[PDB]
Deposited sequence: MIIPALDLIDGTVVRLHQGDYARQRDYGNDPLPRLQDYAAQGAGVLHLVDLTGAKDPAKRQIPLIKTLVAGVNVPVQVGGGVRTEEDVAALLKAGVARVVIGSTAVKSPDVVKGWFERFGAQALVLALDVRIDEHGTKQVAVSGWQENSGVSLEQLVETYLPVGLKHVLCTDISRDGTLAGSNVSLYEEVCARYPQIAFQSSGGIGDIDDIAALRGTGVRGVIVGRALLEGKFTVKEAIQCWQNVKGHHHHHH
């Protein structure tokens, strides 16, 4: 499915920074009105300081649409996961903590269930052609491959992985990992500049396609994206 996405800073919709206004709820409602079955939010305020996690806003947004929302941004602790779920989010998106503390995160899978968690991994293809995991675009590689990290979590029932390519190559990347782990539903993130980019991901095996900036830029609509995806 198409997964429309917003990044939020202090109640403001931003592009990665350009301000697109303070109306995230009507934006999300219109995404759902066009047929979206899942939405994605990044709490950039929470990511910079978990003390200022935008829980009240997230509550309002989840309540205001009829579809599951997955939410990430500075999820560091079990308390963070619980607080987001309590606010009504469908799934919590875990990023750097899934790389840095796998035994701790494996415990979260046991407590909350695999249906409640999405692991978001940034992947950089190195000189050798290895899929290297990094915790962000501006930090060096972490010394573990995508495959190695996925296999760390398969024993606790990993089901959802969001993969962002931060290094043609894009499509091959998703074809390979989806083929290797058909029991995992992979989501693609990044590299969607126009409608043809969505077409290209078709048949790769990816289950979900995150689309953020291209919608804000008015390149195409959620309805058009879904029609392309469904072919």
| item | value |
| --- | --- |
| Stretches with no C-alpha position, numbering per deposited sequence from 1 | 17-23, 175-180, 245-253 |
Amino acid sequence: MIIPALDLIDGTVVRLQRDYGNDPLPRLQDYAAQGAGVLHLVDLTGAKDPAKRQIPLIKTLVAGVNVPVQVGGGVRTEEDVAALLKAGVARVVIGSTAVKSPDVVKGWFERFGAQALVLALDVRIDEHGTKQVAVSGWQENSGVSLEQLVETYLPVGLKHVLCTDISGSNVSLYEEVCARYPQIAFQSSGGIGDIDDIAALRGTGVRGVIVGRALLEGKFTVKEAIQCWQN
From here on, numbers count along this sequence of modelled residues.
| property | result |
| --- | --- |
| Higher-B stretch (mean Cα B-factor, as the entry records it), 111-119 or 128-136 | 128-136 |
| Selected stretch [higher average CA B-factor]: 141-149 or 72-80 | 72-80 |
| Residue with highest C-alpha B-factor in the PDB entry, from 205, 191, 64, 35 | 191 |
| Candidate residues 40, 180, 48, 27, the one whose C-alpha B factor the record puts highest | 48 |
| For residue 163, the third of its chain into which the C-alpha B factor falls | middle |
| Chain third (lowest, middle, highest) by recorded CA B-factor, residue given as residue 9 | highest |
| CA B-factor ranking of residue 219, expressed as a third of its chain | middle |
| Third of the chain's Cα B-factor distribution that residue 155 belongs to, per the entry | highest |
